[PDB]
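The chain below stands alone and is given as structure tokens, in the form deposited in one PDB entry.
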């Protein structure tokens, strides 16, 4: 028994060991309580505005849409403290942790940016924070490891299994099962067991709520479509949420295509996976024919999640949102195009969203359309990977 529906249509649930169910029922009730508490909302808004920098800007692209009838706006979550949208929900989760009397934070991460997000939130709110990460992710993201440890976080490498994010997701839950009375599990995306998909959406929905008010102020109308990249689905559902009942607004989520879908080396389980049960949820997943869960490949480190949030799978099955894929080369071209034409270095994650927007604009250049792309992060972390690839090609 729960207060909220753990399922979005046929997707979702709480597929955790029985020992973790009290930790989830506790987290749900604290969340429902915090949602009705004006003091919790006032403190959440206070950290978002005076510490993270909300509201973020909505930049109209001057030069990128020349020659076409497309008006492109960029929701600048890249201007948030930390450099990505992940700061919004970790501030809410850490405030929830204080509401439950928790003094420790457990977090998993792959690319290291959620770990950096969790470390900065725990440091601000006075929480001891230990972070699990794949040992192979520890070696490729040593800059982000130093960031977390500079901010007082304990980085524990996970050599289990594949030594990647899905093993960090495992090792964190193992810790939380015996420490949930003092520690809180700060999940990274809009996936995992209930109430995490619901919680991360509500702590990220200011993205779309601001975008709506800003586009009404600037263009006097709602957008034709909002486009966002999808790793687990936090920045996409944060943009989509306030537009779902606006049925004239298109909801496009972009999944990593890697080297191409037909090559198998991608990360698009929502459209090219198979529905399974893992990480406490029923959702589309990257998995073998026998049911072993694979890893998502992408040039984007932040899109390495082998599954997808259940509300996205639900939104897709009913046709409310559409989900496409963008290859590594398409996102790279979008990366270079935004730099030369707007002076904004985007994250390789958000470049997938922009890449599809450029596709919509380029394939039908005389189509009059108002598009908003959620720029979920800056790309200064990616200039080294972009350099080595453009140094290798030629």
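Residue numbers count along the first chain shown, from 1. By rigid core we mean the largest C-alpha set that fits within 1.5 Å across both forms.
Just so it is clear, the following notes concern the form deposited in another entry, a form of the same protein that is not shown.
Once the core is superposed between the shown form and the other one, every option in 157, 250, 83, 276 stays below 2 Å in C-alpha shift except 157. When the rigid core is held fixed, the Cα atom of residue 140 travels 2 angstroms or more between the shown form and the other one.
Once both forms are fitted on their core, a CA shift of 2 Å or more is seen for residue 177 between the shown form and the other one.
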